[PDB]
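Secondary and tertiary structure notes
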Amino acid sequence: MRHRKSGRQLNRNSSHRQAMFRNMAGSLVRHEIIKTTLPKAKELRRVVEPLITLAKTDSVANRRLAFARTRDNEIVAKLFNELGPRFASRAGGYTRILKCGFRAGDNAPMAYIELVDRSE
Amino acid sequence: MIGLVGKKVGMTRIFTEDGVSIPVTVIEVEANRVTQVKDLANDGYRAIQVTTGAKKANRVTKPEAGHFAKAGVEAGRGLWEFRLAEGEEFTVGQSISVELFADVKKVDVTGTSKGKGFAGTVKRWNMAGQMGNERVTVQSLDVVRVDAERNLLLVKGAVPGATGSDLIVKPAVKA
Amino acid sequence: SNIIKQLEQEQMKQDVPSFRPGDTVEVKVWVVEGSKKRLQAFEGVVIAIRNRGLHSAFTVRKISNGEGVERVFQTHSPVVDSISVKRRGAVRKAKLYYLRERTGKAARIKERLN
Amino acid sequence: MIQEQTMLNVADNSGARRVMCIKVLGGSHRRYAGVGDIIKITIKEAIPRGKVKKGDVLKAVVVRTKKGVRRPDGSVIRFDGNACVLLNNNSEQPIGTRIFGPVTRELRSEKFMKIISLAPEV
RNA sequence: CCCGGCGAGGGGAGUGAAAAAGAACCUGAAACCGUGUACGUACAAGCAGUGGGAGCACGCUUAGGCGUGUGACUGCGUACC
RNA sequence: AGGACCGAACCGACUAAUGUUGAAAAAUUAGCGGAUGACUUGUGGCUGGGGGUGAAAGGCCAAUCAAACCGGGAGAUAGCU
RNA sequence: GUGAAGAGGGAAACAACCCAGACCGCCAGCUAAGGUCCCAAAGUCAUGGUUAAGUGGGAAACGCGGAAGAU
RNA sequence: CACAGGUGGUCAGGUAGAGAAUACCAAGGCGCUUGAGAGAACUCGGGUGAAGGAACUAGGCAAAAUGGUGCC
RNA sequence: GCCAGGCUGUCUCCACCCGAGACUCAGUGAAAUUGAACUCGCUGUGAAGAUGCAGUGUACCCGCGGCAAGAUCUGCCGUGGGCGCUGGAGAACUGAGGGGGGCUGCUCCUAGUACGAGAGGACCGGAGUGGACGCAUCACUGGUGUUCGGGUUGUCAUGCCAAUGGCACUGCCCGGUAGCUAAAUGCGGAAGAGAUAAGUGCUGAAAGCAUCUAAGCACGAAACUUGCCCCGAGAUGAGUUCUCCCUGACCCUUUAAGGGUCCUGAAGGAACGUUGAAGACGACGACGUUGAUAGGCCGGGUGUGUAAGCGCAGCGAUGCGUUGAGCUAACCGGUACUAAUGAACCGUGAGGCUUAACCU
């Protein structure tokens, strides 16, 4: 047990975690910046980077697959049009995380996560 | 007689000509050069210190760098000792290959078992305590194939330690 | 790593044909009798294929005397001599563990006709 | 492999159909018996007339195992079910001259030289 | 007036004999909780004290071996009703 | 038409577990039983304490009943701690 | 006779076993029971005898034996 | 006690449904007052599993298999 | 009321996976008990099993998780913080001592051999092969693998068809990546050595015989210990070996294991990040731009199975070539594309007294 296993627990229902990650990815795409806890931020990056990598290639099947794990037509439309060409040269590492201290509400560590370009 | 320190890589099956499948665990055996020699007159017993691997100069402590410089060899990833069998001695910097095991046919493997968390009374003795990360030896194992030019050793059965762990292979005392 | 991959691949013979699951196949097996060795022919249907490098093994099932006997043949073991496909089938299922209960017409499969 | 109180298929013309295990021999404090081991089984159904009568208790040996056995080359022989043939402490030669289904090659034991001849289908 | 959050609370100034009288307001003790000061303790076994007791700091007759703060070690010591 | 059957709501604690601190001074989860009959409940009134009530277990009558709470006889009484 | 209602010393510990009846203080000397290898204060003291088994340092009846005692 | 408990009656949609039971949705109300962490042994509620369905237990007590229409 | 049968981890043996507690981080937080505690084992005694009395032995101080033999305390396993081994620091080991088990069946040759009138019949314990225990492992046998893929009933939603996503135990099933797993496979109960009971013995009287012993003086049971592995210098008796670092100045006093000030900050560690087949929290391992430590990317591999769209056929279900295609978490070889920045803190500045041998 605990040997060579991926995926932090984030104690919750599996479908609940999947919906949580869908919402996280949608928010990050919409606003290009999130202010969230590091334990969740790591898996948010791991789950969102595949979406942007897939969006870099334009095709009906790719768009349908992106919408399947996104469930937001506007967000999917935002993909394949701005993020894809913006990061076309770069291969991987589309997100950066900067620590901003510990959350005052419950001392929970929190950090900003944003795209490499983030503007322009 | 004298054992060598190697690195576990994995284990698979080896097919014989007659059509028999034999489990084999794979040990990479780098040339374990000797750094220091212990003697009865000075150290109180006969032994030779073996080192293997490579450590980055930045991540090597200055005392260890000086010790290896005195030994006149590059710094390895660790130091180990082996009691001599009252045979011919060795010299500092004398690289030792796997050829010693090419004509033994019986070796023993010592290593650290894979770590595990707290274990219950049933899980331990069928009280609770730490599991794994403890020295353990399995004896009376016969070498299958030896590849000196590839630093590859195949030994029957299973040996303590998962992939990437360091182990010691010594001539089988029991026979 | 590289060493284990090299060790596994150096003992690979490019002679086994690519047979789909559920495809009737014959296998030649060396068997030791007395002080000699001889050939044995085993006809059956491949149920599952687990091609883990040189550990590749496939399960072949046969009906003898009214009972079903299934044996796992190693793809690259010296014991296995050659693999020949006689009757070609086509099932859209990697594993055929379901047919253990079927018999007669139900257990039969249709021709691929590819 | 066979455990205590397990049904074994009948592979002989003795007329037996269902046989139940009662005791396991072949090693002190043994929990399982292999294909090449002697086991103690009884009879649940018997033919109206014959040499086998209901309730008799006698030795037997498993010819086929559901779990199966391994081979030196890594091959495994697996059968659809467990099959056993009754054996007697005296006159080991079983009454049945015909055996259902194939048999494996581990029956080369000293006392099993007379059974390899039967079972023509391997 | 300032810190503080345009709070609570605190620090200055003033009044006030006195704020060591601030609305929790005469006098303010122990159980309980903290800082600093001086000493003992991480090789040392039991009603945790009693005599001996070197050592560790202060002031004294400016030594003359005095008292206060602690007690390493040591003989003895099996609570109250 | 059912002391009729399965099965909601509803009712009973018949059984198992949660606790005798407690969420509850008799409650919670689950199972089980009735679920047109011998049923239940919304609202109001009556049966008062050697009395009422009771298919009799001498059961119940506001923390209990087998003599309830209140104030008094009584700061009671014999032995004993 | 002791405890009850009397301390203290010895018997390794111990209330009924031996010496012995505490007015208080003193860094003084002499004794009773018990000791004088040490632990711990005193003779490794003297003379005449037993002991070879640690019996001393646990044991009866009986022909040194009997003899087997408590993590 | 903002407690987990009891509190009398009425309003009673759509889909697949014999059904006011069953599962998702309409309008409406809510995420229930500690959150986040690698996710150990162990406890509680569950799922799968090779040789078996009663060989543990005084005990088929939990769980598990089927859950109908017309005919031969 | 009883019988026959199918039917599940109730069990041999349990293995794995999903949730709430169990452990840490920020805050709230009460109880039963409480004479005081600097709360050890054994032996003897005791109003009679003594943590407290006499004798003896062990134990550095203080914390965290359970096993409950008596969850406050005594006690056990594992693991931590402080402290000393005498200038400091990083590694490697000797080892006083400590954990445990030393089981057992069948067959083969020996061998139908010695011995034995015949009948009868081994020592052998040499080889192979089982049973039970422990350790090791997932390539093989499979189980698990709700994070991967596919089939499928109902319902809602994406403006509608197609195609997709949520809910209904993972909605119900069929397979399965990596990890873990026994039912799977590798090894061990050594050989040899010391002392040995009984027993087997060279010469041998006292007591011209005899005798294991009086003199010279030899083997030996599966019984015991080493030999087999593991922890171990907190072994305070604090060990042995290697290497590295510091080579400044000044003032005062109660003038010495004295104090103070400026400068210096060495090796190493801790601090924080990526994190791991290390882990409850600690601790441990690899790396921190002089890089493959984590993520993503490329290609491969495994798994699942012929994705959507396109055009043809059936006026419809649906099939056909595209297509052994699409997707693929934890596996493998590369890739700095992203995250591990320059730094700050502790840790010092030649190491106390005495003795004996050396060049002075």
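Residues numbered from 1 in each chain as written, not as in the entry; some residues may be left out. Chains lettered and ligands numbered in written order. Part of a larger assembly, values for the part shown. Heavy atoms only, no water.

For this coordinate set, the PDB header names cryo-EM as the determination method and states a resolution of 4.41 Å.

If you look chain C up in the PDB entry, it shows as Large ribosomal subunit protein bL19 from Escherichia coli. If you open the UniProt record of chain C and go to Sequence similarities, you find "Belongs to the bacterial ribosomal protein bL19 family." (UniProt positions renumbered as here; feature names shortened; annotations may be inferred.)

Chain B appears in the PDB entry as 50S ribosomal protein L3 from Escherichia coli. Taken from UniProt, the Function comment for chain B reads in full: "One of two assembly initiator proteins, it binds directly near the 3'-end of the 23S rRNA, where it nucleates assembly of the 50S subunit." Entered under Sequence similarities in the UniProt record, the comment concerning chain B runs "Belongs to the universal ribosomal protein uL3 family."

**Remarks on the environment of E17 of chain B**
In this fold, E17 of chain B is placed in the loop between β1 (4-15) and β2 (21-28). Since its relative accessible area comes to 75%, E17 of chain B is described here as exposed. (Helix = DSSP H or I, 4+ residues; strand = E, 2+ residues; numbered from the N terminus. Buried < 20%, exposed > 50% of the residue type's maximum accessible area, 1.4 Å probe, protein only.)

**Brief notes about the sheet that holds strand β4 (residues 47-52) of chain B**
Residues and elements named next belong to chain B. Spatially, three strands are ordered β3-β4-β5 in an open sheet, and the strand pairing comes out antiparallel. Each end of this open sheet is capped by a strand with a single partner; those strands are β3 (33-38) and β5 (78-83). Between one strand axis and the next, the sheet turns through 30° on average, direction left out of account. Strand direction decides the pairing type here: β4 and β5, joined by six bridges, are antiparallel. By the bridge assignment, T52 is partnered in β5 with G78. Lying over the sheet, helix α1 (residues 62-71) contacts β3, β4 and β5, oriented at roughly 90° with respect to β3. (Pairing = 2+ DSSP bridges. Axes fitted to C-alpha atoms, helices over the stretch in contact; angles between N-to-C directions. Contact = heavy atoms within 4.5 Å.)

**Re the layout of surface pockets**
By volume, the largest pocket amounts to about 660 Å³. Elements with a minimum of two residues in the lining of the largest pocket: β1 (24-33), β2 (36-50) and β4 (67-74) of chain C together with β6 (76-79) of chain D. Looking at the lining of the largest pocket residue by residue, the classes come out as 17 nonpolar, three polar and nine charged. (1 Å grid on protein atoms, 1.4 Å probe; cavity = no way out; pocket = protein on both sides within 12 Å on 5 of 7 lines; lining within 4 Å. Points joined across faces, edges and corners; volume = space filled by probe spheres on them. Nonpolar A, V, L, I, M, F, W, Y, C, P; charged D, E, K, R; others polar.)

**Thoughts on a positive patch on the surface**
Residues and elements named next belong to chain A. The grouping of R8, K42, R45 and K99 at the surface amounts to a positive patch. Following the sequence through the fold, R8 ends up in the segment before α1 (14-31). Judged by relative accessible area, which is 47%, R8 ranks as partly exposed. (Patch = residues over 30% accessible without salt bridge, like charges linked within 9 Å, V, L, I, M, F, W, Y side chains within 5 Å. Areas by Shrake-Rupley, 256 points an atom, 1.4 Å probe, with all protein chains shown as cover. Salt bridge = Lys/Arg side-chain N within 4 Å of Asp/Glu carboxyl O. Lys, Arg positive; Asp, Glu negative; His and termini not counted. Charge placed at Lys NZ, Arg CZ, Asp CG, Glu CD.)

**Let's talk about the arrangement of the chains**
Ranking by contact count across four pairs of chains in contact places chains C and D at the top. At their nearest point, the C-alpha atoms of chain A and chain C are still 16 Å apart, with no contact between the two. The two units chain A and chain D are non-contacting; their minimal C-alpha-C-alpha distance is 27 Å.

**Side note on the packing of aromatic side chains**
To describe a pair of aromatic rings, one takes the distance between the centres and the angle between the planes. In the structure shown here, the tally under the stated rule is four aromatic pairs over all chains. Here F87 of chain A and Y94 of chain A contribute two aromatic rings whose centre-to-centre distance is 5.8 Å and whose plane-to-plane angle is 40°, an arrangement assigned as tilted. Members of the aromatic cluster, connected to one another through ring pairs, are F19, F42, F58 and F73 of chain C. Positioned above the aromatic ring of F80 of chain A, the side-chain terminus of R63 of chain A is 4.9 Å from the ring centre. (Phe/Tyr/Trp six-rings, centres within 6.5 Å; stacked < 30°, edge-to-face > 60°. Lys NZ or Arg CZ within 6 Å of the ring centre and 35° of its normal.)

**So, the interface of chain D and chain C**
On the chain C side, the residues contacting the 15 residues of chain D number 18 residues. Both sides of the chain D and chain C interface together cover about 1,400 Å² of buried area, and 46% of this is carbon and sulfur. At the boundary of chain D with chain C, the tally comes to zero salt bridges. Counting across the interface, chain D meets chain C through six residue pairs in polar contact. Here β4 of chain C pairs with β6 of chain D via four bridges, running antiparallel. Across the sheet, the residue bridging to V69 of chain C is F79 of chain D, located in β6 of chain D. (Buried area = accessible area lost by both parts, 1.4 Å probe. Polar contact = N/O pair within 3.5 Å; in protein donor to acceptor, adjacent residues only side chain to side chain.)

**Looking at empty space enclosed by the protein**
All names here are of chain A. Taken as a whole, the largest cavity holds about 80 Å³ of empty space. Looking at the largest cavity, the residues that line it are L28, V29, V48, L51, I52, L79, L83, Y94, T95 and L115. At the level of secondary structure, the elements contributing two or more residues to the lining of the largest cavity comprise α1 and α2 (38-55). Here the lining of the largest cavity gets three residues from one element, more than from any other, and that element is α2. For the lining of the largest cavity, the per-class residue count stands at nine nonpolar, one polar and no charged. When its volume is computed, the second largest cavity comes out at roughly 70 Å³.

**A closer look at the nonpolar core**
Counting residues in each nonpolar core, the largest one holds 24 residues, and the members touching the most others are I48, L153 and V169 of chain B. Among the elements of the structure, β1, β4, β6 (107-112), β9 (152-156) and β10 (166-171) of chain B are those that each provide at least two residues to this core. Among the elements that line this core, the one with the most residues is β10 of chain B, at three residues. Excluding anything up to four places from it in sequence, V169 of chain B contacts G3, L4, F101, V107, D108, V109 and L153 of chain B. Within the second largest apolar cluster, 14 residues are counted, among which are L8, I41, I43 and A60 of chain D. (Core = buried A, V, L, I, M, F, W, Y, C linked by side-chain atoms within 4.5 Å.)

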